[PDB]
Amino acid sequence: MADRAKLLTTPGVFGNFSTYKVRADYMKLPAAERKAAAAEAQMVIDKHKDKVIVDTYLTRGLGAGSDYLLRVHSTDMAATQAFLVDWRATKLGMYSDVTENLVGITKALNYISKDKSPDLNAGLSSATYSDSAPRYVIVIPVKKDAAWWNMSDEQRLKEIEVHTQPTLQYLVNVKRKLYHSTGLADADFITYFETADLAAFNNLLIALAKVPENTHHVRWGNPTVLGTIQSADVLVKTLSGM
């Protein structure tokens, strides 16, 4: 296929997030070599378009964990690996060190479904993002303690309703997407956000810090990945001095 809108909106899709630092000797390469990089990045993404989709983000200067982030989706986990193998063979890839790499799967709603929580589910379904086009990405790995998991389905549902009630208002200016990672990475979830309004985003996270669910978090970041949304051309040119 593989269809972007489908891969971004259906259950059973694998999301593969990876962050990299550009090694110090990349900019010591001759200019000619660095000039060719941006086309090579766009072409490797095109080569794999039958199997994966790829988003690029610039993280340099907004955190110390990385210089860029790649978000890759496919219905086949190994296809995401294959893409990343070929990325690493590109000239930029060859001079990149991976600093984080977490995978997860999209799933149907476990908690705030029409059947389990109709009122909040209705508000989740009807919410519409209405701010300017997002400019920033945030990725937050989450892991919850054993005590969380050992609570009942009902106890957990209550806490997730409490998560949902004060955060629905932010769907006008923050896009969200949830991946499930237990067993696949040292995280239970990967959470992914797009916004143009980082003031609003800080307020959103503060609102979640303040609910009892947060008492169960053993990972809620580390790293908190903050970046700017960029096309692959712009990303690679920026990091290549082009």
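Quick note: we count residues from 1 along the sequence shown, nothing fancier.
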| property | result |
| --- | --- |
| Per the entry, higher mean C-alpha B factor between 98-106 and 119-127 | 119-127 |
| Stretch exceeding the other in mean C-alpha B-factor - 21-29, 228-236 | 21-29 |
| C-alpha B-factor winner, where the candidates are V162, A89, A82, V139 | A89 |
| Residue with highest C-alpha B-factor in the PDB entry, from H217, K210, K177, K47 | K47 |
| Chain third (lowest, middle, highest) by recorded CA B-factor, residue given as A146 | middle |
| Position of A37 among the chain's modelled residues by C-alpha B-factor, lowest, middle or highest third | highest |
| CA B-factor placement of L205, once the chain's modelled residues are sorted into thirds | middle |
| Where the record places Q155 (Cα B-factor, split into thirds across the chain) | highest |
